Amino acid sequence: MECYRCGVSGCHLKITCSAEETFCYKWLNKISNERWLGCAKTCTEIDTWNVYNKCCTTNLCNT
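Using the entry's author numbering, the letters of the sequence shown map in sequence onto residues 1 to 63.
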């Protein structure tokens with residue numbers, strides 16, 4: 001499965017999650033304009049007031 005990570009200037013990068021990671025987590029920090037996009041094992045959804053993290057089990061579900 002492939003996900004969508006964010007480089008240093010771009011946010012449309014298609015990476016490949018090894019057989020180890022099959023989850024697509026996309027966290028957004030409406031404070032430090034910083035987001036944690038990548039593949040992980042479990043989910044850590046963070047839907048607060050400024051932060052918004054969403055995990056997926058499909059393809060490029062984090063774009």
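The beta carbon of each residue, even a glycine, is placed where N, CA and C say it ideally should be.
Cβ-based neighbour list, residue i, same chain, cut-off 6 angstroms, excluding 5 preceding and 5 following
i, result
"residue 55", "23, 25, 43 and 45"
Inter-residue spacing [alpha-carbon to alpha-carbon] between residue i and residue j
i, j, result
"residue 39", "residue 63", "12 angstroms"
"residue 5", "residue 41", "16 angstroms"
"residue 28", "residue 57", "18 angstroms"
"residue 10", "residue 51", "20 angstroms"
"residue 49", "residue 37", "19 angstroms"
"residue 12", "residue 53", "17 angstroms"
Same chain only: Cβ atoms within 8 angstroms of residue i, ignoring 5 sequence neighbours per side
i, result
"residue 2", "14, 15, 16, 17, 59 and 60"
For residue i: DSSP bridge partner residues
i, result
"residue 46", "53"
"residue 15", "3"
- Query: Are at least three pairs of beta-carbons, each pair with one atom in the segment 12-21 and one in the segment 29-36, less than 8 angstroms apart?
  - Reply: Using a C-beta cut-off of 8 angstroms, the segment 12-21 makes no contact with the segment 29-36, since fewer than three inter-stretch Cβ pairs fall below that distance.
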